[PDB]
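Next up: just one chain, as structure tokens, the form deposited without ligand COA.
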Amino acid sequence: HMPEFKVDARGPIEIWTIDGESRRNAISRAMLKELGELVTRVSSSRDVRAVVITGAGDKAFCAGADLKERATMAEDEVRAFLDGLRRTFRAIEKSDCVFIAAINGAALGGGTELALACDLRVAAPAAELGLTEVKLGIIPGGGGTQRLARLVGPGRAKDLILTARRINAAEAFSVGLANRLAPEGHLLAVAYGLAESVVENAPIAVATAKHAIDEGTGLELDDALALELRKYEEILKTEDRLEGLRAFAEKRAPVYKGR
């Protein structure tokens, strides 16, 4: 039997491919379990500093919850699955590792909410994203309403969520939902280059800045500045910040150890 993810590990960067092309890379409980374990692994040390998540094929990044498996699941199993999915999105945000969603096709439902929980997004020409829950009488249940509004603002969020329309790669780039647009056939080359541009920077500094950004939202200005300054004073105590000064003084690339 084949694992839910193909892992292409390249030292400080890994590429995780959802190996589910025939089921539109949907989130089964087994897929979710592997995803959670991968996140826990890269979150437990500073060996891995950026992860690219993508789906197999050219049709689906991730269709969301697996509706075949849903036919085997009672109400309480559905609720426990959605709880685990929310916890996994939050683990991605709280992780010191940076997460890049390489959107190779359609994202819907939980698959869109996965892309929104990532730090950065790259869109192939076939990328599409949708939160279509209101068509079926519910709302996004894995943070999609809040995470979309925080990223594109309330007007664009209402547009997508209340009309339940899909957004294509060009519009996703124009509104900042996609940070990069990749040419035909170069999705993972672009996503990997993005990861390279992150992991040459210091891992605790990247992590701390990531968390400062996310944790400052919803605070008034002075509270948010106080939060940033606590994190600045924390990072000054690291050994890596000294290596940064030494590398700058010695006109060489820094070699950071994650301490």
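For the two forms, the rigid core is made up of the largest set of C-alpha atoms that agree within 1.5 Å on superposition. Note that residue numbering begins at 1 and tracks the sequence as displayed.
Only in words, not in the display: the form solved in complex with ligand COA, which the text now covers.
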Counting any non-hydrogen atom inside 4.5 Å, which residue from 31, 194, 65, 48 sits next to ligand COA in the deposited complex?
65
Only hit among 56, 38, 202, 26 for heavy atom within 4.5 Å of ligand COA in the deposited complex is 26
Please state whether every one of the three residues 22, 106 and 166 places a non-hydrogen atom within 4.5 angstroms of ligand COA in the deposited complex.
yes
Would you please decide whether residue 136 lies within 4.5 angstroms of ligand COA in the deposited complex, comparing each non-hydrogen atom pair?
yes
Does residue 132 reach ligand COA in the deposited complex, with heavy atoms at most 4.5 Å apart?
yes
Which of 172 to 180, 185 to 193, 92 to 100, 106 to 114 lines the interface with ligand COA in the deposited complex (heavy atom within 4.5 Å):
106 to 114
Quick one: core overlaid, is residue 247 moving 2 Å or more at the Cα between this form and the one not shown?
yes
Does residue 184 count as moved between this form and the one not shown, where moved means a C-alpha shift of 2 angstroms or more after fitting the rigid core?
no
Comparing between this form and the one not shown on the rigid core, is the C-alpha shift at residue 72 2 Å or larger?
yes
